[PDB]
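This report concerns only the one structure given below.
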2 protein chains.
Amino acid sequence: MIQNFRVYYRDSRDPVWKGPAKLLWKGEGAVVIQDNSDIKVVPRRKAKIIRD
Amino acid sequence: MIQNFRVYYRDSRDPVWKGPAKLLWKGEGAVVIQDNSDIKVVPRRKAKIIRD
């Protein structure tokens, strides 16, 4: 059901937002994404769902 | 498309397999699962897809 959606997220070294990422898994207060060629887990409260 | 499937995986502190887990994301050589109440990423080459 996830079509074209971008997501922003902050790093643990700086509360500064980071470039957009691809949205893959979406359920509880957590969202799986992929910035470079590596998938990682990010708390939903530290990410934002933007539409493409 | 993921119905009832269990997955085993080894830890980084010991090449010993670990209890079964729930299969959620499935794509490249990586698989997202959930053992306790926390989701983590595990390389597909370090996990096994078992049917329920």
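We name chains A, B, ... following the order of the structure tokens; residues begin at 1 in each chain, and ligands are numbered from 1 as shown.
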- With a distance threshold of 8 Å and counting only C-alpha atoms, extract the residues of chain A near chain B and express them as a list in words. residues 25, 39, 40 and 41 of chain A
Keeping N, CA, C and O atoms for every residue in the selection just given, could you write it to a file as a short mmCIF file (atom, residue, chain, number, x, y, z; two decimals), in the first residue's frame?
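Saved to part-v4.cif:
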data_model
loop_
_atom_site.label_atom_id
_atom_site.label_comp_id
_atom_site.auth_asym_id
_atom_site.auth_seq_id
_atom_site.Cartn_x
_atom_site.Cartn_y
_atom_site.Cartn_z
N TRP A 25 8.54 -0.34 5.65
CA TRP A 25 7.64 -0.95 6.68
C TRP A 25 6.93 0.15 7.47
O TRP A 25 7.51 1.17 7.80
N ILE A 39 19.30 -0.57 4.90
CA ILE A 39 17.99 -0.30 5.58
C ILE A 39 18.21 -0.23 7.09
O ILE A 39 18.98 -0.98 7.65
N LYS A 40 17.55 0.69 7.75
CA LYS A 40 17.71 0.83 9.23
C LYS A 40 16.35 1.08 9.88
O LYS A 40 15.37 1.35 9.21
N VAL A 41 16.28 0.99 11.19
CA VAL A 41 14.99 1.22 11.91
C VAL A 41 15.01 2.62 12.53
O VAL A 41 16.01 3.05 13.09
#
Please give chain B as a JSON list (two decimals) with C-alpha atoms, in the first residue's frame, after it has been superposed on chain A by least squares over all Cα atoms paired in order.
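Wrote selection-v6.json, looks like this:
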[["chain", "number", "residue", "atom", "x", "y", "z"],
["B", 1, "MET", "CA", 0.00, 0.00, 0.00],
["B", 2, "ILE", "CA", 3.07, 2.26, 0.24],
["B", 3, "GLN", "CA", 3.29, 4.00, -3.15],
["B", 4, "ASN", "CA", 5.65, 6.98, -3.61],
["B", 5, "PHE", "CA", 6.40, 8.41, -0.13],
["B", 6, "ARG", "CA", 9.52, 10.23, 1.18],
["B", 7, "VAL", "CA", 10.57, 10.41, 4.87],
["B", 8, "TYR", "CA", 12.88, 12.72, 6.86],
["B", 9, "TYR", "CA", 14.64, 11.69, 10.09],
["B", 10, "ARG", "CA", 17.15, 13.03, 12.63],
["B", 11, "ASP", "CA", 20.45, 11.31, 13.53],
["B", 12, "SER", "CA", 21.56, 10.38, 17.06],
["B", 13, "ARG", "CA", 24.63, 12.64, 16.74],
["B", 14, "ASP", "CA", 22.57, 15.77, 15.93],
["B", 15, "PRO", "CA", 18.80, 16.61, 16.20],
["B", 16, "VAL", "CA", 19.13, 18.02, 12.65],
["B", 17, "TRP", "CA", 16.77, 16.45, 10.07],
["B", 18, "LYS", "CA", 18.40, 14.33, 7.31],
["B", 19, "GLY", "CA", 17.77, 14.05, 3.54],
["B", 20, "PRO", "CA", 14.56, 12.23, 2.47],
["B", 21, "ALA", "CA", 14.45, 8.39, 2.55],
["B", 22, "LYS", "CA", 12.19, 5.64, 1.11],
["B", 23, "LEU", "CA", 9.30, 4.36, 3.29],
["B", 24, "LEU", "CA", 9.07, 0.51, 3.43],
["B", 25, "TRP", "CA", 7.64, -0.95, 6.68],
["B", 26, "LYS", "CA", 4.92, 0.98, 8.57],
["B", 27, "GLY", "CA", 3.10, -0.24, 11.72],
["B", 28, "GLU", "CA", 3.58, 0.74, 15.39],
["B", 29, "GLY", "CA", 5.54, 3.87, 16.39],
["B", 30, "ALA", "CA", 8.41, 2.69, 14.16],
["B", 31, "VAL", "CA", 9.22, 2.99, 10.43],
["B", 32, "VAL", "CA", 11.80, 1.08, 8.35],
["B", 33, "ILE", "CA", 13.50, 3.16, 5.62],
["B", 34, "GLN", "CA", 16.53, 3.08, 3.28],
["B", 35, "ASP", "CA", 18.81, 6.11, 2.79],
["B", 36, "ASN", "CA", 21.97, 4.87, 1.07],
["B", 37, "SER", "CA", 22.17, 1.15, 0.19],
["B", 38, "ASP", "CA", 21.35, 0.08, 3.77],
["B", 39, "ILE", "CA", 18.00, -0.30, 5.58],
["B", 40, "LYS", "CA", 17.71, 0.83, 9.23],
["B", 41, "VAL", "CA", 14.99, 1.22, 11.91],
["B", 42, "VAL", "CA", 13.85, 4.71, 13.05],
["B", 43, "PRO", "CA", 11.25, 5.58, 15.77],
["B", 44, "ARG", "CA", 8.11, 7.10, 14.18],
["B", 45, "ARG", "CA", 8.35, 9.99, 16.68],
["B", 46, "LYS", "CA", 11.75, 10.87, 15.10],
["B", 47, "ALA", "CA", 10.59, 10.70, 11.45],
["B", 48, "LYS", "CA", 7.97, 12.44, 9.26],
["B", 49, "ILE", "CA", 5.80, 10.91, 6.50],
["B", 50, "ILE", "CA", 5.83, 13.25, 3.46],
["B", 51, "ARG", "CA", 3.96, 12.50, 0.22],
["B", 52, "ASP", "CA", 5.83, 12.43, -3.12]]
